[PDB]
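What follows is one structure encoded as structure tokens, with my remarks underneath.
Every residue, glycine among them, receives a Cβ derived from its backbone with ideal geometry; neighbour counts consider all protein chains shown. Quick note: the coordinates plus some simple rules give every number you see, no bench work behind them.
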Amino acid sequence: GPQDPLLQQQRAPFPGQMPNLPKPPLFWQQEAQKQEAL
Amino acid sequence: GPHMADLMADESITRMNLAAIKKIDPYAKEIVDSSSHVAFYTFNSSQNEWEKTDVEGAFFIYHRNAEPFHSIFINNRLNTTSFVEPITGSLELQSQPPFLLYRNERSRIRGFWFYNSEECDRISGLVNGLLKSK
């Protein structure tokens, strides 16, 4: 419901905000799948 | 003027932690490491995105002098639920800073998020040792 501010001065805590994990390049996903597969 | 925090922790604190542990897992006798806050995340390949799970809790590694030798538990603070899983020696790990990544059966991807990256490093080291020591 609450609307986040367009402009931010400093990083403040926000209950209910999920952290954003970093996404690796496609190569990472493919490599894992292959290794498990035989 | 400036003062540094004490590196050594009181023994009383450790005892209290192990007490809470016994409440869910009667067979947990010793604590190896504990992270103040840890959350479980899963990756869905179909969507190419990460999805947060309903498990958000304090992470503890438990040691026992009987089978299973080692097991990991998360105390879900928000949902007041217990989640436990045994440690297997076939798991392969990978470190993408600051988030820890590991592979699971059937080519699934799951990871753990820690309040502090360094804190995560210590925990991961323990697991690595278990894999190579038995």
In whole Å, largest first, the alpha carbons of chain B cover along the principal axes 51, 46, 34
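Could you work out [θ]222 nm for chain B from helices alone, using -39500 (n - 2.57) per DSSP H run of at least four and dividing by all its residues? Round to the nearest 500 deg cm²/dmol.
-7500 deg cm²/dmol
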So how much slack lies between B:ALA66 and B:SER46, counting 0.36 nm per residue of separation and subtracting their Cα-Cα distance, in nm?
3.2 nm
Dimensions in Å of the protein assembly as shown - Rg and Dmax from alpha carbons:
18.5, 63
Just tell me how shielded B:95-104 is by partners: mean number of partner chain Cβ atoms within 10 Å of each residue's Cβ, no decimals.
2
B:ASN116 to B:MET4: extension gain in nm, 0.36 nm per residue of separation minus the Cα-Cα distance?
38.4 nm
Separation in nanometres of the label points that stand 7 Å from Cα toward Cβ, at B:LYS132 and B:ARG15
3.7 nm
Let me check against my output: what whole-number percent is the relative contact order of chain B, with C-alpha pairs under 8 Å and at least 6 apart?
19 percent
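Shielding by partners for A:21-34, please: the mean number of other protein chain Cβ atoms within 10 Å of each residue's Cβ.
Per residue, the number of nearby Cβ atoms from other chains is 3 on average.
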For chain B, take the longest principal axis of its alpha carbons; what is the angle in degrees between that and the long axis of helix B:117-132, to the nearest 10 within 0 to 90?
80 degrees
Measuring from the longest principal axis of the C-alpha atoms of chain B, the long axis of helix B:11-24 (C-alpha) lies at a number of degrees, nearest 10, equal to 50 degrees
Looking only at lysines whose Cα falls under 17 Å of A:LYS23's and that sit 8 or more positions away or on another chain, we get B:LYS52
